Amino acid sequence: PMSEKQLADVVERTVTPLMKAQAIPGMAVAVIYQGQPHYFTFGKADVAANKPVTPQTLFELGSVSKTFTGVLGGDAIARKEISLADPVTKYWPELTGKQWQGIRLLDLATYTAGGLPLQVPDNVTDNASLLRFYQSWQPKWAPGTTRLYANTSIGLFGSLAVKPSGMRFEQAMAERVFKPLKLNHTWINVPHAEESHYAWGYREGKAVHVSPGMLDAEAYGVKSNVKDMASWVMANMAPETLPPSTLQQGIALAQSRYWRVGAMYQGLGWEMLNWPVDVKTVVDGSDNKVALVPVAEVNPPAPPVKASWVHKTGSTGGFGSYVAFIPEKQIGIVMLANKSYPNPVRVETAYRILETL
């Protein structure tokens, strides 16, 4: 096995020229290895204030937020509050258009509703406008037959999934996921008292934070530090070490396989490829195309496979995050950056580091 000094050398030798070439001001990395987290921090959380990245620095996770949404949805299924087979109209009866009749919660959760678009329009700012948005939408394909990665899809899934609980999405997430896992520095809204930890993101050299939008918490709005994200990876990689609960059950539901596109399998938030897999296949299987693609159905959903590469990418205007783990090998990695850089490069960097273990 690799010593702490040897592992630190591996991470530094890769991250340092990456940050220079990409102009990434700061990065926090966690490697999960031999049951332990290993933290490495580089550069600046706030360039203008000359503030370094630390293990307490908060980064915007962007679409990595969807892994929390998927597990919270799985927890709601285990609580028998929702079923993925249920019609969307069971939870939003005001959605009366004929195009919605055959669409299920499963389709929202896994991007198979038939072409829901990538973003909620910025001018949709209240519930009446959100209703008009989904009422107006015209599908391109029958549900359960195509994939189009979309915040409007899993974002609405997250919002409807917590409806039977009576809680706001943020409340449900804190009470049912964050608190039981002791993710005490993971936030949908960064409290005033925690702002000193909040890194700035950088786009074209300008400091930026993610803008508020409808369904943001569900799709791209979580902020966290490298220690909480290591704990998140550890909980999803080794949920059998948790006490029995609906949350443990929900973690399994989120890593179940619902659809296949090429070599990638769609979970709830999480995406998976069968292990062993070459790095080029992981890169090819983690491009969310602008265009729709057909899917192959996994019916019934397949339970979690320990021999999987499990991962999720995420970005905001100013941040780029990545998490990946292999349960069969009990290794995993978190990479948090305050500049967005290409997803294939995140995969390549992570894959190379995990290979050394």
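Sequential numbering from 1, following the sequence displayed.
Peer 1: What stretch has the higher average Cα B-factor here, 233 to 241 or 219 to 227?
Peer 2: Looking at the record's C-alpha B-factors, the answer is 233 to 241.
Peer 1: On average, which has the higher Cα B-factor in the deposited entry, 138 to 146 or 202 to 210?
Peer 2: Going by the record's values, the stretch with the higher mean is 202 to 210.
Peer 1: If you compare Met173, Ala252, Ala109, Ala193, which has the highest Cα B-factor in the entry?
Peer 2: The C-alpha B-factor peaks, among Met173, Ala252, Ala109, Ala193, at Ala193.
Peer 1: Quiz for you: based on the deposited Cα B-factor, which of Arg132, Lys80, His185, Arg257 is highest?
Peer 2: Each of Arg132, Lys80, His185, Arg257 was compared by C-alpha B-factor; the highest is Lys80.
Peer 1: Taking only the Cα B-factors deposited for this chain, tell me whether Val10 sits in the lowest, middle or highest third.
Peer 2: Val10: CA B-factor falls in the highest third of its chain.
Peer 1: Against its chain's modelled residues, does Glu60's Cα B factor rank lowest, middle or highest third?
Peer 2: Answer is lowest: the recorded C-alpha B-factor places it there.
Peer 1: Test of reading the entry: by CA B factor among the chain's modelled residues, which third contains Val31?
Peer 2: Middle third.
Peer 1: Could you tell me which third, lowest, middle or highest, the C-alpha B-factor of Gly332 occupies within its chain?
Peer 2: Bottom third by C-alpha B-factor.
Peer 1: Lowest, middle or highest third: which one holds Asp278 when the chain's residues are ordered by CA B-factor from the entry?
Peer 2: For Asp278, whose C-alpha B-factor we compare with every modelled residue in the chain, the answer is the highest third.
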